[PDB]
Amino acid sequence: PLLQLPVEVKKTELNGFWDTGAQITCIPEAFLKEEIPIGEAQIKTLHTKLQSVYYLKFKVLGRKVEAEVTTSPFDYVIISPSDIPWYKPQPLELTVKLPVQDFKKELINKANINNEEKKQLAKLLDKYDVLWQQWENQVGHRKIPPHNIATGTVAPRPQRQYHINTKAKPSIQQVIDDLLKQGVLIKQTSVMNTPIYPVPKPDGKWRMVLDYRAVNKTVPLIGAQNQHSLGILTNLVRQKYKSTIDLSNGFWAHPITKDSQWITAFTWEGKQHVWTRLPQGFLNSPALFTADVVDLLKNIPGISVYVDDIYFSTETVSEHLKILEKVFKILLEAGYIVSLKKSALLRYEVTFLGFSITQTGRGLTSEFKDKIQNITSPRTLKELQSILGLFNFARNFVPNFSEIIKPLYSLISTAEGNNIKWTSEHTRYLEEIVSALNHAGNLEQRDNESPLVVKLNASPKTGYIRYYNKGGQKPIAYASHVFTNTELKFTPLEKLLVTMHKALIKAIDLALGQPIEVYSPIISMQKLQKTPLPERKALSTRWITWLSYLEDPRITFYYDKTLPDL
């Protein structure tokens, strides 16, 4: 199974894709630049442009052929099937077929559109039936040149395979046989060999990931920075109708060069196999994959893609359906497929990257709220760091989070070894955290076209910070700073100022080039510049940071006569 056909043009060799939807064979423009056009016809593209028809001879699979071609936007050949009536690809048969008709039916009934709009929806999914995952372990075929992932200078030491869990050996076995049939795996001896280590899932199945740490040591990390879960969450748009589309087995769609394949080798039940697409557990497999998908969809407005999960939102369902179809088409020509089960399209609210995007705003999921009620008091340091780490996820949703978490954070230094000094008063602290997070509010998004309002204030012990959009009533996020020992000795103004400094470090990124406005209990900034030196208790290096903000043009300050306290 090639699923890409060797095509030879002008004594050169490209790849030809057999497109049923191709009314005409296209061809890269570099080959038609010397030929004479024979006709002009409107040609269907993603963005129906009028192209010119040619007459060219070439050969596919080695057999001479010839017909009417046209210029292609890509470096590969789109093939009208009528141009090669002798060739016919066979269908696709793996192990377990999925209930794709059930996936569609489920996805429509959950859709928040009307019955007339629901019909428009139902037609669209039956139309792109070729786009949805139809078998277990079905992989797409990305039409990009293969990656050379073996960018190393020193060779890695081969690993002896260690123990595979017996409970996983049937699950991997089907995957390997399913991946072998689609050409993803190849039986091949190799210099390198790495251990296959399945990771569990909530369902009885198991994942194909491998201990690639030895290989990872000899390969440099790709420096691209295209995963920012917070930046997406804080900057996505939240109109009426929202939807998420989950790519399926995205790694296994990116081809890797043959010379780069040996580094992926692993041993399974006696024989040594070699990956052909980006394997899982490899250090550059994320950065390479997520680069391609985020590059593909950049021009789709209002979109947000995290690795293989795609969110967007519009106000009217009519536009949502147009953009949705545009997305499906871009994925299909690219060679990607979509898991319909993992995705949900058209709802007043949907959960994205661990938060629920309700019609009112970004909030904590019910699934998370159950996660935190169901914790017991910790017994070891690792347990303390897990309860702390889970709590930390929700930090932005309560005005004074950094207070109630401090008594728990302090317990890890006083603890010696893994044993910890938990008290009845300590458990009480744990309960207060959960109740505030239980009753925690709903968070706003960042208006990328409006100034950033940052309202700050401080008490003798800690300093509080809330962010808003100019005139916005619900905050984007909460923050607060516990004054350390050295900060406590500061004058009340210097406490306000070290609170402001810790805000602006964050608020500079939050503005996205917009202006910034500061509301504070400080009457005038100019009197602060001339505060007597025998009055300022903090060091001079802390006062150059604070005074520098008065010189930044992107920020102005304001006095707000609201909520003083001490």
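In this text, residue numbers run from 1 along the sequence as written.
A chain break between residue 47 and residue 48 is present, corresponding to 1 to 3 residues of the deposited sequence without coordinates. Of the two segments, 501-509 and 517-525, the one listed with the higher mean B-factor is 517-525 (C-alpha atoms only). Between the stretches 185-193 and 432-440, it is 432-440 that shows the larger average CA temperature factor. Based on the entry's C-alpha B-factors, the most elevated value among 225, 112, 173, 235 belongs to 112. The PDB entry assigns its highest CA temperature factor, among 151, 304, 423, 244, to 423. Among the modelled residues of its chain, residue 450 has a C-alpha B-factor that falls in the highest third, as given in the PDB entry. Ranked by Cα temperature factor within the chain, residue 480 sits in the middle third according to the deposited record. Per the PDB record, residue ranking by Cα B-factor puts residue 362 in the middle third of the chain. Per-chain ranking of the deposited C-alpha B factor places residue 328 in the lowest third. In the PDB entry, a CA B factor belonging to the lowest third of its chain's modelled residues is recorded for residue 273.
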